[PDB]
Number of protein chains: 2
Amino acid sequence: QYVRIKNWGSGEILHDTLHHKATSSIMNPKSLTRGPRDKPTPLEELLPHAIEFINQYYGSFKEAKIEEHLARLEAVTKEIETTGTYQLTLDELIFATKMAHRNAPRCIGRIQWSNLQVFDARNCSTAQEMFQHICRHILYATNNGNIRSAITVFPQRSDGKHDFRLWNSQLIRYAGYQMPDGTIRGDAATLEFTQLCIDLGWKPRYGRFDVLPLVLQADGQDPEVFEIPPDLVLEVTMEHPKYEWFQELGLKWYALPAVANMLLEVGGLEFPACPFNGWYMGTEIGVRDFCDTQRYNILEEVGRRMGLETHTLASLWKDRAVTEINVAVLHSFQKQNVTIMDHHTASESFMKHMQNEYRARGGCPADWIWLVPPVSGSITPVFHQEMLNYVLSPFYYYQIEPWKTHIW
Amino acid sequence: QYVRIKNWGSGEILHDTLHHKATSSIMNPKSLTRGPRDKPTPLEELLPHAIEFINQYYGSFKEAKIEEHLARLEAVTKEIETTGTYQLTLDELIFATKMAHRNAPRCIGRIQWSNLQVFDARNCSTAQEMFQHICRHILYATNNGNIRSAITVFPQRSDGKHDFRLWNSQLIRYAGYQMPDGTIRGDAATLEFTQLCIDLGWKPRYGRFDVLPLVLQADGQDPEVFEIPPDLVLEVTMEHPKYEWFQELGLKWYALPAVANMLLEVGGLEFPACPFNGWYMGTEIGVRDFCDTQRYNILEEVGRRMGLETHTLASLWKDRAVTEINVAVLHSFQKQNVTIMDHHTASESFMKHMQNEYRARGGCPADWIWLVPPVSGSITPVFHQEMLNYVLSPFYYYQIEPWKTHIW
Ligand code: HEM
Ligand code: HEM
Ligand SMILES: C[C@H](O)[C@H](O)[C@H]1CNc2nc(N)[nH]c(=O)c2N1
Ligand SMILES: C[C@H](O)[C@H](O)[C@H]1CNc2nc(N)[nH]c(=O)c2N1
Ligand SMILES: [N+]
Ligand SMILES: [N+]
């Protein structure tokens, strides 16, 4: 029938009908999602996929180890024949995690795809044991502000009813509540989820930079709530380098961008819990987290303190404020020795990458909509670059929100 | 086989191969192009299409005129049966031109789709007669700076060998030459075409704001060259409202954005010559025409005059200059009483439109990549709006460059 369409600012959804009369930019397309299941992967699908992967892994060395490649193929088949899926070698998980990042069409930082730290936590079985690993991860990646790229891989899905997974969008992340004023405090984005932590007994601190708790589900079991040891969450306080009134704003952001809720797919296997992290590109904080109507929405407050024509849209005052907010974020990171890269530098880098990729392996999955920064479009190189967006393997899939499917 | 991919900044093209290994943002997709032909449209295709159109035209009144609708269907069939295509009534051309604009997924100004002036020049037969119409058009739309939206429709394609069409990208448009300095003067974009006007005896004035000649092809015949009466081309000189040194830059742009080279498709008919115009949205000039590496590339010159860290990319100096260049353009239009709308105002408007459209007829073809402005992305509403991009009818198609196919 029709097609549901979302505006993510207003939250308004519309149903398209006109398209049916057609001839001859969705955030979460089904195509980009790998959902739950109730039964192990069938063997007839699993095997071909595993073989494909093992042939990629071996076809990716400089000087081919044929015998080990033939052996591994044999051992993998026997394991599948014998157990009903198969485990990756560590020296295969590491490749899996790097190629999949390499294959994420929506990621600008892929120049760095080779430098990834991999934490093998496939032996995990309890919540407390997940939450320990998560803590280790955070501390490694954070490095006292010198951000290291890392990923923590938990036990692969088996039957689908013993799934490990984080209910958090990203590891470290601020809360948001629907205060009485008609207003909303903290991070509007996490409004719905904040409530859920409340439903599981998390004490609401009611502020605007409250780090939310990890909500961990292990081996299919109901999710237990863990608070993050505030010693690990490193934050950057926001000061402008001119407008001394900019600290009066009382702004800060967490330093670690660690996406928590995506699924890894490799050789037919699926890991619905594999949190990863790079570092921040300024605009992420300065433009989206700070300036989105859906988010912290500082744009008017900052403009007002600039003596700007705030009620005349043509004044271009948003263009002026946004830019200073970025300047602030950037400046606050460098000050405080927190790793960061500005979107301009980021765009030139990605470009080098892309060039590299095509000479390397003739292509680069790439989603224009996502790879162009939310300010300065035309001004970065990636805007003028035509690109194709395709899904390869291994790959990092979105997933249906855990509370929409989990049975407590 | 592979897939040619263009970067429009560098002009570099790459061939994608990786996509073949796929599982389960192009400027000129074939899908968006209607090309030449050597034979009249076959009747078996033409008729259904005509009927569809006539039923739309009649199904678009408030209070239905069934008898005239049944009559028109009859008269149209007889005409096709009898001549081998059919002519639209004027009160159908007007609807054709408005719906097609209404249906252009890449256009932000569609809120105004109803207000269009239509010049019926289907009776045209000579070049000189096209060039007269073009001149009338320019003068009407320009209105001494109070821009009126207009379109001039020429004779429909028949057999494909008597095509009317303009060889110009847009009516009024600056030239560009490959000067000896290793550099390039005027409008780099029109580098290839400028040469072609030279090949047809146009005297190169060698400047950086030289209006190019109309290159007109009528009834399939070789294109004759006409110079535009400088009295008709209204221009805006660029001054900033602070930086008095901004006029020292010696900048100006033409006031009329009139796209000249697209084809109208309606009820199976095709008009490969139907120039149209709205007015400018500032960023068009301030960001793309002025700041594209491929274009006039002022960004460094403007930054330097701002005492900006021009060799430190992270300085964010591009964000600062671009914004002032826009301020300048906007300010220069309002001064000089030239119609213009800023991209922020434009985005809020389009949004209203889109809302209107869905309540109206449940949909709105819409290409995100194009509808989001080249600066301030996140900051405009259209960024957060998920949208579907579909081709309806009537519709404005791109066309293969005339000199790639015409036989002299
Ligand atoms: C130099 C390090 C990195 C940089 C600068 C970087 C930058 C970014 C940015 C700016 C986004 C968009 C943010 C958003 O709108 O949500 C993104 C998304 C993404 N990145 Fe990277 N990233 C880095 C490391 C990584 C790593 C290590 C991985 C995986 C191993 C990765 C995979 C992804 C994926 C799957 C997305 C999509 C997120 C989503 O769909 O919401 N990136 N990256
Ligand atoms: C309020 C009046 C208008 C405004 C503000 C407006 C704005 C714009 C802008 C900013 C673009 C993109 C410019 C570019 O990147 O080349 C565009 C493209 C386009 N517009 Fe409009 N426009 C207006 C009137 C019209 C009219 C009257 C028509 C047709 C009757 C139209 C149809 C189109 C089409 C077909 C394109 C695609 C051009 C291309 O693909 O290169 N627009 N418009
Ligand atoms: C509707 C639309 O697709 C949506 O706002 C997209 C635009 N491009 C994006 N690009 C990135 N990096 N991150 C995003 O959240 C978005 N949001
Ligand atoms: C490669 C890419 O599609 C190209 O630069 C597009 C981006 N979006 C655009 N949007 C508009 N309005 N005009 C354009 O020329 C473009 N260029
Ligand atoms: N990130
Ligand atoms: N335009």
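In terms of determination method and resolution, the entry is listed under X-ray crystallography at 2.75 Å.

Caption draft 1: Here's a closer look at the overall build of chain A. Within chain A one finds 10 helices and 18 strands. Against the globule reference of 22 Å for 408 residues, chain A gives a C-alpha radius of gyration of 23 Å, in line with a compact fold. Each of the three principal axes of chain A carries a C-alpha extent, and together these read 70 × 55 × 50 Å. In chain A, which comprises 408 residues, the proportion classed as buried is 55%. Roughly 18,100 Å² of accessible area belongs to chain A as shown, and the carbon and sulfur atoms make up 50% of that amount. Looking at chain A, you have 39 positive and 48 negative side-chain charges, and the mean spots of the two groups are 3 Å apart.

Caption draft 2: Highlighting the interface of chain A and chain B. Chain A puts 67 residues into the contact, and the matching count from chain B is 67 residues. Buried surface at the junction of chain A and chain B, both sides included, amounts to about 5,700 Å², of which 60% is carbon and sulfur. When residues of chain A are sorted by the area they lose upon contact with chain B, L18, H384 and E386 of chain A head the list and together hold 13% of the total. Linking chain A with chain B are two salt bridges. A salt bridge links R320 of chain B to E324 of chain A, with the nearest nitrogen and oxygen atoms 2.9 Å apart. Seen at the junction of chain A and chain B, the total is 37 residue pairs in polar contact. Contributing elements (two or more residues each) for the side of chain A that touches chain B: β1 (3-6), β2 (13-16), α6 (283-291), α8 (317-335), α9 (343-361) and α10 (368-371) of chain A. Per-element accounting of the side of chain A that touches chain B gives the leading share, nine residues, to α8 of chain A. A breakdown of the residues in the side of chain A that touches chain B according to their chemical character gives 33 nonpolar, 21 polar and 13 charged.

Caption draft 3: Just the sheet that holds strand β9 (residues 224-226) of chain B, in detail. Residues and elements named next belong to chain B. The strand order β5-β8-β9 describes an open sheet built from three strands, whose pairing is antiparallel. The open sheet is flanked by β5 (165-166) and β9, the only strands paired with a single partner. Here three bridges tie strand β8 (residues 214-217) to β9, and the two strands are oriented antiparallel to one another. Across the sheet, residue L214 finds its bridge partner in β9, namely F226. Against the sheet, helix α4 (residues 127-142) touches β5, β8 and β9, its axis set at about 135° to β8.

Caption draft 4: Quick peek at the coordination of the iron atom of ligand 2. Counting protein donors around the iron atom of ligand 2 gives one, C107 of chain B (SG), at 2.4 Å. Positionally, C107 of chain B belongs in the loop between α3 (90-102) and β3 (117-120).

Caption draft 5: Fine view of the relation of the copies chain A and chain B. Overlaying chain A with chain B gives an RMSD of 0.0 Å, the required rotation being 180° about an axis along which the chain moves by 0.0 Å. Taken together, the rotation angle and the small translation identify this as a two-fold axis. Every residue of chain A has its C-alpha some distance from the rotation axis, and the shortest such distance is that of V375 of chain A, at 2.6 Å. Both copies share a contact surface, since 100% of the interface residues of chain A are interface residues in chain B too.

Caption draft 6: Quick look at the site of ligand 4. Residues in contact with ligand 4, as listed here, are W368, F383, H384, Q385 and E386 of chain A together with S25, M27, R288, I369 and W370 of chain B. Around ligand 4, the neighbouring residues derive from chains A and B rather than from a single chain. Here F383 of chain A contributes a backbone N or O atom positioned 2.8 Å from an oxygen atom of ligand 4. Between an oxygen atom of ligand 4 and a side-chain N or O atom of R288 of chain B, the distance comes to 2.3 Å. Bound to the protein, ligand 4 loses 86% of the 400 Å² it would expose on its own.

Caption draft 7: Expanded view of the packing of aromatic side chains. Residue and element names in this part refer to chain B. One pass over the structure, following the stated rule, counts 52 aromatic pairs over all chains. With a centroid separation of 6.4 Å and an interplanar angle of 50°, the aromatic rings of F53 and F95 are classed as tilted. Separated by 42 residues along the polypeptide, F53 in helix α1 (residues 43-58) and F95 in helix α3 bring together distant segments of the chain. Considered together, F53 and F95 belong to a single accessibility category, that of buried residues.

Caption draft 8: Geometry of the packing of helix α1 (residues 43-58) of chain A against helix α3 (residues 90-102) of chain A. All names here are of chain A. One way to put it is that α1 packs onto α3 with a least axis distance of 11 Å and a crossing angle of 90°. Put simply, α1 runs roughly perpendicular to α3. Contact residues: α1 offers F53, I54, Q56 and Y57, while α3 offers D91, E92, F95, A96 and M99. Looking at the contact of α1 with α3, its residues break down into six nonpolar, one polar and two charged.

Caption draft 9: Geometry of helix α8 (residues 317-335) of chain B. Residue and element names in this part refer to chain B. Between its first and last C-alpha atoms α8 spans 27 Å; for 19 residues at 1.5 Å apiece the expected length is 27 Å, and the two agree. With 15 of its 19 residues buried, α8 lies for the most part within the structure. Just downstream of α8, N337 is the residue with a positive phi angle, here 55°.

Caption draft 10: Highlighting the packing of helix α6 (residues 283-291) of chain B against α8 of chain B. Residues and elements named next belong to chain B. It is at 8 Å that the axes of α6 and α8 come closest, and there the two elements cross at 130°. The pairing of α6 with α8 is recorded here as oblique in orientation. Regarding α6 and α8, the two cross each other, and that crossing is right-handed. Counting all contacts with α6, which are made through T283, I285, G286, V287, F290 and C291, the residues of α8 involved are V322, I325, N326, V329 and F333. Class assignment for the residues of the contact of α6 with α8 results in eight nonpolar, three polar and no charged.

Caption draft 11: Main features of the layout of surface pockets. Within this model, the second largest pocket holds a volume of roughly 1,000 Å³. As for the second largest pocket, its lining consists of 40 residues, of which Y243, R320 and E324 of chain A together with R320 and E324 of chain B are closest to the centre. Residue assignment for the lining of the second largest pocket shows that the elements contributing at least two residues are α8 of chain A together with α8 of chain B. Looking at which element gives the most residues to the lining of the second largest pocket, the answer is α8 of chain A, with nine residues. Looking at the lining of the second largest pocket residue by residue, the classes come out as 16 nonpolar, 14 polar and 10 charged.

Caption draft 12: Examining the environment of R305 of chain A more closely. Residue position: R305 of chain A is located in the loop between α7 (299-304) and α8. The residues touching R305 of chain A, leaving out its near neighbours within four places in the chain, are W245, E248 and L249 of chain A.

Criteria and cut-off values
Residues numbered from 1 in each chain as written, not as in the entry; some residues may be left out. Chains lettered and ligands numbered in written order. Heavy atoms only, no water. Helix = DSSP H or I, 4+ residues; strand = E, 2+ residues; numbered from the N terminus. Rg over C-alpha atoms; globule rule 2.2 N^0.38 Å. Buried < 20%, exposed > 50% of the residue type's maximum accessible area, 1.4 Å probe, protein only. Areas by Shrake-Rupley, 256 points an atom, 1.4 Å probe, with all protein chains shown as cover. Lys, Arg positive; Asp, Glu negative; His and termini not counted. Charge placed at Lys NZ, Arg CZ, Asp CG, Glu CD. Contact = heavy atoms within 4.5 Å. Buried area = accessible area lost by both parts, 1.4 Å probe. Salt bridge = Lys/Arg side-chain N within 4 Å of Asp/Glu carboxyl O. Polar contact = N/O pair within 3.5 Å; in protein donor to acceptor, adjacent residues only side chain to side chain. Nonpolar A, V, L, I, M, F, W, Y, C, P; charged D, E, K, R; others polar. Pairing = 2+ DSSP bridges. Axes fitted to C-alpha atoms, helices over the stretch in contact; angles between N-to-C directions. Donors = N, O, S within 2.8 Å, 3.2 Å for Na, K, Ca; no water. Least-squares fit on C-alpha atoms. Near = heavy atom within 4 Å. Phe/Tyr/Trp six-rings, centres within 6.5 Å; stacked < 30°, edge-to-face > 60°. Parallel < 35°, antiparallel > 145°, perpendicular 65-115°, else oblique. Expected span 1.5 Å × (residues − 1). Left-handed = near helix turned anticlockwise from the far one by under 90°. 1 Å grid on protein atoms, 1.4 Å probe; cavity = no way out; pocket = protein on both sides within 12 Å on 5 of 7 lines; lining within 4 Å. Points joined across faces, edges and corners; volume = space filled by probe spheres on them.

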